[PDB]
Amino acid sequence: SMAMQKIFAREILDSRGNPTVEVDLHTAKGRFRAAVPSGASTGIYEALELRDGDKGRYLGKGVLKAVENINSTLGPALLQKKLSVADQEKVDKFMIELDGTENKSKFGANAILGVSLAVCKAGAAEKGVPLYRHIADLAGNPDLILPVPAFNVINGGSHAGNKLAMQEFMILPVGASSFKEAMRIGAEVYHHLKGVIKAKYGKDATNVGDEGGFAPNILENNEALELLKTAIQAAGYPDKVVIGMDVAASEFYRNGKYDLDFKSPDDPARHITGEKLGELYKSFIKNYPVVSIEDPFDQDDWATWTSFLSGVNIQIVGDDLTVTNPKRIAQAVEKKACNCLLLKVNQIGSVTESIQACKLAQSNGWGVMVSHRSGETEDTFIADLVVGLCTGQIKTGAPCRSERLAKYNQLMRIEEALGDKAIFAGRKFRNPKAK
């Protein structure tokens, strides 16, 4: 196929003011553009992001090298192979084999993904179907599902300057009648939350973090949960909103125990065992509508994850545990460590591998939650992705900052286009096919 006419890459700025890769692919159908969300340039289990490391330029975060790899090498090689733009698997296989390394470190995981994404968009256009339909086709899925959105509205953990140890406190409008109404509920709860924060914590307490949520200066994770409850009740949706958490416990594990005040000066006297931590989670589940907990234990604390899951009935999500990595996921499945995969496309580095990972988790009875990264762009690919993959759940920010709202707005447009055939996952978010 001579469908692919031109491939050009550039450096643009992400939502945090750091460089990332953008790729334009041209065919007879037009120009197809995709950008890559920030990832990791080091790490043992994820695909390697290539960063320039020039400390005098963008504080070492340039992506000139990755961009050059596309313009000079990867792009020309792909165009010369004359592959169909609709054959996502063959295209991704070619790029993976040309790179030839397990972690995409020859060209950069960011270089390969940028191309992979643009090809996918062009493939949908060649077939004359929406991107969300092409993705479903690629996943062998006859149907399409609008996800429940999970909004990270109260923020703690390593990147927030409060004492609050747990990372993400999310609201999920599972009781909404449609995706459009899930956005209304989400936004109204957020607006009421801001007013509660201004009153209780001060006129200086309402600026936002990287994902659009708030970081009031609190320590108690129960106090964060009570704020969500207060905002839900203030908006008048107690019957329709549930809560999801991301603990990110690897961030506070030390010498075999867990520190829920780890942003205060070192003091092992305050550390708690994994067993006491599990008891705290059970109290959350009893006292609040907590339906999902991500990274409850450290990434290597396998026996503790396995024990915990056997005694609860909620969703337990792997992020640092699994890292969108086949070998790690296989360990988790075999050890029954968790029951939901967080899906970050840039951690694995191709559209095909991301789809494969989703389908394998689903075949083992797990849920899948599609995820943003903290460095996002105006790109909306992951909205079409979650719909075509039929997962029933996405986290892509508070309803604030347009690198977040761009995805939520796109999900609204997708539901609009589907008309009276649209299905919203609602209370079946964990598995939209459940009876």
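Numbers follow the displayed sequence, beginning with 1.
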Revision key, fill the gap. Of 313-321 vs 74-82, the stretch with the larger average CA B-factor in the entry is 74-82
**Study point:** Given 148-156 and 95-103, the range whose Cα B-factors average higher in the PDB entry
**Key:** 95-103
Point to revise | Largest Cα B-factor, entry values, listed residues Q347, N364, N287, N222 | key: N364
Exercise for review: Determine which member of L48, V386, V368, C400 has the highest CA B-factor, using the values in the deposited entry.
Suggested key: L48
Practice item. Rank-wise, by C-alpha B-factor, drop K335 into the lowest, middle or highest third of its chain. Key: highest
**Study point:** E275, C-alpha B-factor rank within chain (lowest, middle or highest third)
**Key:** middle
Check your understanding: By its CA B factor, does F214 count among the lowest, middle or highest third of the modelled residues in the chain?
Key -> lowest
Study note, to complete from the structure: Chain thirds by Cα B factor, record data; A199 belongs to the middle
Review point. Among the modelled residues of its chain, does the C-alpha B-factor of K65 lie in the lowest, middle or highest third?
Key: middle
